[PDB]
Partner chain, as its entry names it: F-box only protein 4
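To begin, one chain is listed below as structure tokens, in the form solved without its partner chain.
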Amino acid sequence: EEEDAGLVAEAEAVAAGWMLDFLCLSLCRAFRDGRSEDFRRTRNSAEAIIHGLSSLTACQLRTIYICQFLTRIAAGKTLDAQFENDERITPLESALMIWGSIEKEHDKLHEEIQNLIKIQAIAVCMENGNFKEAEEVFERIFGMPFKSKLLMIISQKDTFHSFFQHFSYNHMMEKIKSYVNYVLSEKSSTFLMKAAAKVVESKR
């Protein structure tokens, strides 16, 4: 009876791991395609499945971080959303923290996405007339040429500055979609998606 219950709990953990990978793939695809409602509904399913998982492998933790990162990026302009216990941290600042924690290569694309999130974390505050909040985000992030140009823009209250058009919110999303395309290629061969694709193809 206890041995049966134990084997059942272990099978539930295996199935939850398969569901996590499938939901991550689905969330990546909705983000890449710009399918906002599908992204919201998939995010809800991913959060619930994660609360039913206890011990995680390093691979499963990386998968959860990717889901959390995309969720904060999708909420990047929602300055009312609180993703951290410290209520001062904005959504893009929370995405930056996760981006620096993921066990992944720090290639040129990694640093380009990092620097675009830093610029946009300030830009989104400026565009909402939150000038003092922009200076506070700047202080939490930045602690030289890059840094001093941003402080000058904040002090002038230059919301529609040409600098934010060169390193725009759209450019940040496009670079992040390039990374998401690599995660999609990597996770497309996971168990639940492979098995479902084989079923669909067998009916063609």
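For clarity, a rigid core is taken as the largest C-alpha set superposing within 1.5 Å between two forms. Residue numbers count along the first chain shown, from 1.
Residues with no coordinates between residue 143 and residue 144, taken from the deposited sequence as a class: Gap between residue 143 and residue 144: 4 to 9 residues without coordinates.
Average Cα temperature factor in the PDB entry - higher stretch of 170-178, 157-165: Averaging CA B-factors over each stretch, the winner is 157-165.
Mean temperature factor over C-alpha atoms, higher-scoring stretch between 65-73 and 146-154: Looking at the recorded C-alpha B-factors, 146-154 comes out higher on average.
Most elevated Cα B-factor in the entry, residues 119, 113, 92, 79: In the PDB entry, the greatest C-alpha B-factor among 119, 113, 92, 79 is found at 79.
Chain thirds of CA B-factor: placement of residue 48: For residue 48, the deposited C-alpha B-factor lands in the lowest third.
Position of residue 21 among the chain's modelled residues by C-alpha B-factor, lowest, middle or highest third: Bottom third by C-alpha B-factor.
Modelled-residue ranking by C-alpha temperature factor, third containing residue 83: Residue 83: CA B-factor falls in the middle third of its chain.
Residue 55 - which third its CA temperature factor falls in, relative to the rest of the chain: CA B-factor rank for residue 55: highest third.
Unshown form deposited with its partner chain bound; subsequent notes refer to it.
Proximity of residue 64 to its partner chain in the deposited complex, heavy atoms at 4.5 Å: The answer is yes: residue 64 has a heavy atom within 4.5 Å of its partner chain.
Touches its partner chain in the deposited complex: residue 144 (any heavy atom, 4.5 Å): Heavy-atom contact with its partner chain at 4.5 Å: absent for residue 144.
Exercise: residue 150 in contact with its partner chain in the deposited complex, heavy atom 4.5 Å: Heavy-atom contact with its partner chain at 4.5 Å: absent for residue 150.
Residue 50, heavy atom within 4.5 angstroms of its partner chain in the deposited complex: Residue 50: yes, in contact with its partner chain in the deposited complex.
In the deposited complex, the one of 54, 170, 162, 155 near its partner chain [non-hydrogen atom within 4.5 angstroms]: Selected option: 54.
Core-superposed C-alpha of residue 184 shifting 2 Å or more between the shown form and the other one: No, shifts by less than 2 Å.
CA of residue 196, rigid core aligned, shift of 2 Å or more between the shown form and the other one: No, because once the rigid core is superposed, the C-alpha of residue 196 moves less than 2 Å between the shown form and the other one.
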